[PDB]
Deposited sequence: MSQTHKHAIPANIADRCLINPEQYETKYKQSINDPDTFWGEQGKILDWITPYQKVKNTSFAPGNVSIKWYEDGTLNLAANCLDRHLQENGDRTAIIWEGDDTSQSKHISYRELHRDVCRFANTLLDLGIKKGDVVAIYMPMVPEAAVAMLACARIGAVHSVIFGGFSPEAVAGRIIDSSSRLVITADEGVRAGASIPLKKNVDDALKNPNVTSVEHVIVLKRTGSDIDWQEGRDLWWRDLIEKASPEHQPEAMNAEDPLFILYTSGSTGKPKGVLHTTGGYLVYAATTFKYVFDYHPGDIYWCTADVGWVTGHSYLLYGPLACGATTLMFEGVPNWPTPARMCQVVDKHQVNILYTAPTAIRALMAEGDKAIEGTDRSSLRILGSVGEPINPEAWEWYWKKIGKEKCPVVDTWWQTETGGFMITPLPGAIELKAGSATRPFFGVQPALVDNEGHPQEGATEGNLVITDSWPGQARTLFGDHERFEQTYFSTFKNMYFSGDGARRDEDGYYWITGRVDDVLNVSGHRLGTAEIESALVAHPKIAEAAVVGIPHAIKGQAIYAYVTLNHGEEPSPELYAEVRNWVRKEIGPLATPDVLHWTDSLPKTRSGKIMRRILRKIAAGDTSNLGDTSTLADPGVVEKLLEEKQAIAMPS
């Protein structure tokens, strides 16, 4: 069943059903005219002439948009709003402790970004240098990111929940010259030891590139200090000039890297450039959230993830919006926190994740108790499939049956929304991402690469480029080709499956590759296997996901110990804590299945479908030793 577009949205919407159809058609039939005009959402220092210049061809994957144009992202997100909107709040910051908040005007944000841009330059950071940012959800994380972009440095934001080992790996791969961090993060009443984690990471002997660590005194806790290397945020910024002239960057200058888990190996740095990325971020934000001047917008995603890059910071600031940055979690101190934040700051647009929605739904009316929620006009969901029932609960309880829900499918590699409703254009189906965005040509293919027509299911590919597309993997364009453009030739393979219904609506069913989705976190099964195998007692490991009401998927690890070793309950917690140390809490296995019965072909291939099935609780429906299946079932029952 479809939800109709409500009258209030019809009355204000930037894109109606007719306009979506018209614009979508032009975007496909004439990308140069379409994106040529749409690119004017940004200010350009030297105008572009070329618009679309892309290829997905074998051996010739090359993605360029607006390539002869120049611009500055920070001028688009800050400077150009100053004359008329300097006094407008750019960032509302809400502390974990509600007694703590700030409204940061465009003018104040610009001033600090200029100070910090000069701070970076004075420290010897140059255009093209990579800067690691390992920060909690505080406004200074935004300042750091915007200052890096302003001077053309390439920020690489590392999610604050990653372990020292995970932080070291990212620093090593990117050759980061500087780490920006805080003494501690504050989340749900608890402290995260960020600087200490940096300290431990930098002790890795393979870290050779870091010259300084800039530290924000957030809590003022006791921390170790390395004289010469470590520098206090306040001491530097107070000394810095508030005057900084932005310089022209080429459209195709690198903007940021984000380490992203894949089907094979360890996370790789997904690279975005400047022009097409920002155009796409601004355009998707504006149209999908139907943003009007004055709308208070709140995306709940951490700055450490792509959603935080595109839809907490860059898209909203480019459009001159007020964006809310929340330090804490949607359910602390109480499940009603998210809606208390909504009421306190009169949020009109809320964009959150199914894991959060499921967590609040489990508490029922405790999630809305004593809250009003009337300021909301638009709801959004991102990061994982949303089951219809959760969708309906979100729509009914948070939106009060008054707000369109925009379920936005996309990925780190795509820069911005790819398949999504537009609230005044597209009638909603609970659990469906609905239609492709302007410039996006999706298709479904079988495992052999044959396009599947009509209402059908298959491997979800995108058959042409779009401005927000990631341009390479950091220092490895050949792997970029292999990973995304070799399975289905001349096509971008998302690694997701999807069904398309009779209306042409897409229903994304999840990864078809060996990538998990655990509480909205994208994780490779292979990286968890490597982390497990690095443990001195463990010989072999096979990791699969299982359905989980709360997390969406849980991590189920089949583990073979070195010959001579025997399991114990102490070993269970030891191995869990080991993975917590190797990667972080986000990757901790929910189940450890001690076995000597890993199911291998005669060649040595591990049969993963059976392990997936057994772990899910299936008892029904090539192997070197076929009697392993029986043993595995028995052990699963224990």
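What the model leaves out of the deposited chain are the segments 1-4, 626-630, 648-652.
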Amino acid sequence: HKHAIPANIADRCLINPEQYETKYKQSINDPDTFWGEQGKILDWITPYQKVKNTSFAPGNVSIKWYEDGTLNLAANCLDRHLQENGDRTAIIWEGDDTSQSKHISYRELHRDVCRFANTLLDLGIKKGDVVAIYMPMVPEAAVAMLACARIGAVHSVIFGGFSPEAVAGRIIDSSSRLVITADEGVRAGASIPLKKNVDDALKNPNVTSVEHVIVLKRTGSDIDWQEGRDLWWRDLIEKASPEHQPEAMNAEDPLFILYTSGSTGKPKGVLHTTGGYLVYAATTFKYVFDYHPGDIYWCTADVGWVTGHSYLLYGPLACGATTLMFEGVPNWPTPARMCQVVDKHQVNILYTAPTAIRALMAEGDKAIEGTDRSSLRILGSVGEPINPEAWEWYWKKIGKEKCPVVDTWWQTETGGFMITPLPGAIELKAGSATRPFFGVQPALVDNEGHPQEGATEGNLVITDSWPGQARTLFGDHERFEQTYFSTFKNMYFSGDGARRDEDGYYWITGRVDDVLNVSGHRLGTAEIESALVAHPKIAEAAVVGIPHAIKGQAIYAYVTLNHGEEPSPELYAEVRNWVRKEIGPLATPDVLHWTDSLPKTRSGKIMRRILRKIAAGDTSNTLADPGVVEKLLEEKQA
From here on, numbers count along this sequence of modelled residues.
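As recorded in the PDB entry, 535-543 is the stretch of 148-156 and 535-543 with the greater mean C-alpha temperature factor. In this crystal structure, the stretch out of 622-630 and 17-25 whose C-alpha atoms carry the higher mean B factor is 622-630. Take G189, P316, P436, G308 and read off each C-alpha B-factor from the entry; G189 has the highest. Compared with the other modelled residues of the chain, the Cα B-factor recorded for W391 ranks in the lowest third. Residue-level temperature factors show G36 in the middle third of its chain, judged at the C-alpha atom. Sort the chain's modelled residues by C-alpha temperature factor and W225 lands in the highest third, per the entry.
Residue-level temperature factors show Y48 in the middle third of its chain, judged at the C-alpha atom. The entry lists a Cα temperature factor for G185 that places it in the highest third of the chain's modelled residues.
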